[PDB]
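K.L.:
no sequence on this one, just coordinates:
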């Protein structure tokens with residue numbers, strides 16, 4: 001999204017799926033107040049979906065392309081004995097999501 005949204009550190013249309021089984025349309029956005037969590041908003045599709053994901057305690061692992069997933073660029077996340085999939089429009093957008101996330105989990109300099 002060329003036009004960066006004002007407010008939340010990072011946001012934009014994203015999809016979610018469990019162990020690459022059922023993909024659903026949701027909204028991904030991080031709360032400036034808390035750059036160590038990834039909030040998710042979904043319409044009337046399901047509730048089970050996670051509301052607050054603790055990046056600090058989340059491992060970012062990219063799945064192989066050989067898999068029979070739906071999207072092309074998507075990363076896996078395993079934490080709190082859970083497993084979700086976050087697909088991105090393309091590598092470009094997939095990077096902004098991976099970085100922001102990774103960087104968050106591992107706090108470096110005085111920021112956030």
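P.N.:
Received, thanks. Numbers count the residues shown, from 1 in each chain.

K.L.:
all strands for this structure, in order.
P.N.:
Secondary structure of the chain (DSSP state E): strands at 11-17, 23-29, 38-41, 52-53, 59-61, 73-79, 82-88.

K.L.:
and of the ones you listed, who's closest to residue 3?
P.N.:
For residue 3, the closest of these is strand 11-17, at 10.4 Å, according to C-beta to C-beta. Any C-beta I mention is one placed from the backbone N, CA and C, and that applies to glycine too.

K.L.:
what angle do the closest one and strand 73-79 make?
P.N.:
Taking axes from the mean of the first three to the mean of the last three C-alpha atoms, to 10 degrees, one finds strand 11-17 and strand 73-79 inclined to each other by 70 degrees.

K.L.:
measure how far strand 11-17 is from the centre of its chain, please.
P.N.:
7 Å (C-alpha atoms, centre = their mean, to the nearest Å).

K.L.:
kindly state the beta-bridge partners for the residue nearest in space to the middle of the chain.
P.N.:
Closest residue to the average C-alpha location of the chain: residue 86 at 5.1 Å, with C-alpha atoms, centre = their mean. Legend: beta-bridge partners of residue 86 under DSSP bridges are residue 16, residue 75.

K.L.:
residues in contact with the closest residue to residue 85 other than its chain neighbours?
P.N.:
Once flanking residues are discounted, residue 85 sits nearest to residue 17: 4.2 Å by C-beta to C-beta, 6 or more residues apart in numbering. Contacts were defined as C-beta atoms under 8 Å, 6 or more residues apart in numbering; by that measure residue 17 touches 23, 24, 69, 70, 84, 85, 87.

K.L.:
next, count neighbours for the fourth one.
P.N.:
What it means is residue 70. Neighbour count of residue 70, defined by other C-beta atoms under 10 Å: 14.

K.L.:
quick one: it and residue 23 touch, right?
P.N.:
Yes. Counting by C-beta atoms under 8 Å, residue 70 touches residue 23, with 4.9 Å between them.

K.L.:
any common contacting residues for the two?
P.N.:
In contact with both residue 70 and residue 23: 15, 17, 87, using C-beta under 8 Å, 6+ apart.

K.L.:
pretty sure the first one contacts residue 40?
P.N.:
This points to residue 15. No. Using C-beta under 8 Å, residue 15 is not in contact with residue 40; the gap is 10.6 Å.
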